[PDB]
RNA sequence: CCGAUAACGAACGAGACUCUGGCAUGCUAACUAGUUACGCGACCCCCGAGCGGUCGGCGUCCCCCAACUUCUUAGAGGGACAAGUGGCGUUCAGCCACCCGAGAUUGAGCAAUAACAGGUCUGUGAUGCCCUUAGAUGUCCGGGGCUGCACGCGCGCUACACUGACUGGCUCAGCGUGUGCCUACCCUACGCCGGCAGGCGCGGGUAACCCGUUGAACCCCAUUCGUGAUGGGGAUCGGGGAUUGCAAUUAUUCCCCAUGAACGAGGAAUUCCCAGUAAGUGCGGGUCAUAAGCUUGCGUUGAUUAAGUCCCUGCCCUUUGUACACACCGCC
Ligand SMILES: [Mg+2]
Ligand SMILES: [Mg+2]
């Protein structure tokens, strides 16, 4: 109720788009780059941003206060980085400050809904080759 | 209020030397005159200070006689000189705009004066070949056959 | 005159065929009569355990 | 509740601020508003003739979010796609004189000031009225 | 298509449009041989008159439908 | 597919299984740790490949004869 | 070519070296050119270790 | 509960045949808030079986060059289409979608290499994964050809094509191809 | 044929034809093939793969 | 590789190797990277929130005047091996499925014995021979040409459209370049003038310090258009304005206003391709006094099918035939 220094800072990133959630004890609220996640630009993906808080409910968030800083990538990758960073930050704060026995009954929900919530996508990109336009596609070759 | 076709409606109507479409948008319809682009239409309708969301059929006779005078007297009504066609003309040195068959006559006049002066561009025009220096080895064979 | 359409259960994939590997021989047995089992060449990715419809039963699949 | 402009939808905030700047005729505008294009790549002048108040409302919150922006910064922000005809498309910066005009008009309205370095930044009165607009538009949007 | 209404089409639209389920600009333009810009104009007028209810209001497409029966 | 061990790693593992058999074990981590010091493998990759083959053959020789 | 290459190969190998290869290409009293090889010991061609093992000239 | 696009609970949809019941991913554990999940369901074989069926629709929507990465456009397209089908039918959009795929699943085909000397087109059956793949491909390309050169919106044409295929009244393009492929299978059986 | 047969149990008759091949035709028709020197010394017929 | 085995033990190539990708809240540290906290502010609020909210506002190496490296940077290391389970398999080599895991096939670079009379003397002060050598085939300077078009072919770019175009608003990258021995040519913040392309004056940067927090495009959100060769397409063509150079015509490039051609998804044929891939989409670097429809890289968005087969087409091995060995472009 008045514990100081009760804070973590956990990142989750996808495709060169880093997202660090600075989590701390406080009243239940969410802000990313200073604005609420509801006021996000891809409202077609706003459901995915509110998806983590819906998985384990607003009750488990009502005792915490988190602010996220995001840089790099595109809009979609930033959304994925934000949501997985939120999940990782909350579970890390939980296991740091309260019992992990109660942590398991939410970590299993997170992983069972989507492994990407806590496991960042390892695939990043592929290098271009000097035989074609892309990494694998080659140029039109002709025999006539 | 998005009502029926008004009684003051011309399905097809004549402006200067060519008919224009009343069904189309007011700005996009008058561009059928030979010399007015969509930018010119959008600036001269605004100078005429009338509505834009209505079609050319709605355009009453007073509005038509306003827009024809506006489009025939550009510099008289603070149209920019750089917005014109015949800027700094090669005969009178006067900024102007050419419309309908006047544009055709002026363009043919430029071509035939190039022929008269026997310049490279004139010879290319008279031979039906490209004048901006682009290549003709493999392209433009459609125009010849 | 029309044989009823029913299903069969894949027991195991026998191998590829069709002169390009596009087909796949399979031993499948009907769940309506689990004793009888036939061989069929399927079009598409098939594993063992899943079920697939068969518009006819007396028909069999030869090689290729 | 203390509403920041970051706590609202930007689409609604900008249009409400443009309406505010139309009602307050303090903003001075040039006479070529019905004439010029807003960018080099644009094929046509913008549809709304109050686009000057639209752009003023845009640049006010842009300088709110980050200051020190000059004419080049404004043209980079407002730059867009150029079809380039048969050439493949590129990205081009917008007109710089229009950015000069909007910045000078904002300075004349006196909710923005020149900085000790390049670019300009808001006045306290500036974001006072900006947050006022944000609060009223947030109340209207919520209820 | 008719860019604007006439005697037969306007009152028919006012009499039958809020009586079937799907009311979209493309469907109404095809069904009533109206333009497609007149479709949007007349549909927003119907919405303001209160004979239909909106669903989406999206930039690409806008959906309306007849009032609920009760 | 494509997880066939090379003759180099196979022969090294066979040699060390014969020479240091008591010190080895059924655990991959124990095997790689003892392989670090009982031989000179300048590559970590070539070390733990040997360790995996060693564990696989230990599972065999605990319950039967092999070539080594 | 044979005598000189054999002698230099003897020097290089007997000085103590894992392997060495001398190749001489050109036209020698004949228009159709030819390439002679004299290789012994052990030689490697791929990967990083060739860079700090094999000295070329 | 899952509320795909905020509504349309998946708890009620059932698949009337088990050949597709074990390959459709409409069930509660595969129920997703949005048809946008980068789960690498093409990493290996049979991955796409558990991939959500609406995600399959969105993937199949983006086609023919000009729009090949616009998953957000396809998401809002399927959202609008589900809204249209819900307004003009009233039942579950997922239920009508799955029944449409079931109705359009081609249970037979021909391999065309029934004889290497001369075209014979030996008639073979179809695996259920191929059934669902061909059905969804047929439906998406039917809507694609429906909305090419008219006022008709892509969402509306997709909606009416889907409902026609679900009803199986022969007026859906996917059904028109499914029936004829089965017909050639009958002919050169 | 069995479906459309009038008789309940009609065993279809076979063909009994003995082909004669000149080696020029047989090799080109892949009835017989070239063999290695030791393989030629084998005279037993090839297996049928009947089971 | 394992296995039968007159073979056993080896060596090159492959593999192994180097770089690059993804994980380590473990270590090593950072005012040219910062993050939390603390303190000044400016604004929203007073209904009251008040340890309320925003700050890319300012400071806490301004040096005594907080810590810390999660975030960025990069070194040292570790980590993954078919390791675990199950199943198949001679039960060998291995194969498939699954748990846990960052990862259960990241891409490249390197690359044998040899041959191709393959391309290069127009890369070289590498060069054999031949030619020219003063009216020069040496060398400099002025002009033209390398673009020239009844036509055939190839590589590409723009499109034929509403899954779109226009107009406005929202808005997120990463490679990497940047002032010159010769060599006169740098990247650019900001203010003002111009509608634009541009011009002027103050600066910054030899560079994690400035450009730059690289405010990129696509995308997304609203408006108009409305199936019309239309508001698609921007070919051709007139007029005008600026930049670079000594020189812009045979238009160098760029800007504005004009006109608006074929094209309504393309015959037989043919190419490229399996995961952050195809594909869309912009940005660098090179070429540059002037400049990309090319190429080289980068990044964003982001899929369908398949985890197989010799059917076509090629290549390799084994067998076979040979009067060839200059090796079939042979012999005769
Ligand atoms: Mg190698
Ligand atoms: Mg023009």
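Going by what the header records, the deposited coordinates were determined by electron microscopy, 3.1 Å.
Yeah, the Cβs are placed from backbone N, Cα and C, and that goes for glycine too.
Here is what Swiss-Prot says about this protein:
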CROSSLNK  B:91  SUMO2 cross-link
CROSSLNK  B:94  SUMO2 cross-link
CROSSLNK  B:106  SUMO2 cross-link
MOD_RES   B:2  N-acetylserine
MOD_RES   B:94  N6-acetyllysine
MOD_RES   B:106  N6-acetyllysine
Within 10 angstroms of the C-beta of the residue listed as 'N-acetylserine', the count of other C-beta atoms across all shown chains comes to 15
Its Cβ having more other Cβ atoms within 10 Å than any other among the recorded sites B:91, B:94, B:106, the winner is B:106
Mapped onto three states, the DSSP assignment of residue B:94 (SUMO2 cross-link) reads coil
Listed in sequence order, the recorded positions from B:2, B:91, B:94, B:106 whose CB sits under 8 Å of a chain E CB are B:2
Cα of residue B:94 (SUMO2 cross-link) to Cα of residue B:106 (SUMO2 cross-link), in Å and rounded, measures 13
Rounded to a whole number of Å, the separation of the Cα atoms of residue B:106 (SUMO2 cross-link) and residue B:2 (N-acetylserine) comes to 43
